[PDB]
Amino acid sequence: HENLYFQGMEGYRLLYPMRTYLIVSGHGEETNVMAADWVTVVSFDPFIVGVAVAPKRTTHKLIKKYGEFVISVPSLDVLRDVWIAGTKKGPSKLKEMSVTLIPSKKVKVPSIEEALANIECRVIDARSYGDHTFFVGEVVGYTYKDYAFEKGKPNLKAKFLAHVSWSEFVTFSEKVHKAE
């Protein structure tokens, strides 16, 4: 991470590996995508999600402007596009990305066709905790690839993406361990 004055392991790496998602924001010619690890569910009913976004991201400006975002779930197969989303800045990066933008069902921000799922969100809160804003979004729509979630649970063959450390990513083992 940049801004690490005391060299060593960022305390945050203790929570890793973390799932990696894509955050889509803006619409029209302003459409943007960035990578995000710091995403979680914050409510079951209603379904509400949250994402920590640094004010320096173009995505931050676009979420503030439009009050909407989409969480798109990438597979290992689109890692090159995830890397571009997580390294290049602003809407001009899309012309380097293999992904196709498609209309969302409820929000104006588009979805990514290649994504395993697209979760459409309306911002209901934004709080500043340290050096990121935690954008909290009510889920107002979603789409997904049926094979990625067949029988109502994630299908581990779909190669869900996780981030280990800076440029290193993994997927999950297919061997399921049963707790009961």
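Note that residue numbering begins at 1 and tracks the sequence as displayed.
Q: So which stretch wins on mean C-alpha B-factor, 41-49 or 22-30?
A: Higher mean C-alpha B-factor: 22-30.
Q: Which of the two stretches, 121-129 or 32-40, shows the higher mean Cα temperature factor in the record?
A: The stretch with the larger mean CA B-factor is 121-129.
Q: For the CA B factor values reported in this entry, which option in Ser72, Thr87, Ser98, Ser75 has the top one?
A: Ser98 has the highest C-alpha B-factor of those listed.
Q: Based on the entry's values, in what third of the chain does the Cα temperature factor of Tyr12 lie: lowest, middle or highest?
A: For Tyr12, whose C-alpha B-factor we compare with every modelled residue in the chain, the answer is the middle third.
Q: What third of the chain, by the recorded C-alpha B-factor, contains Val140?
A: Middle third.
Q: Ranking every modelled residue in this chain by its Cα temperature factor as given in the entry, which third contains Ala54?
A: Within its chain, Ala54 is a lowest-third residue by C-alpha B-factor, going by the deposited values.
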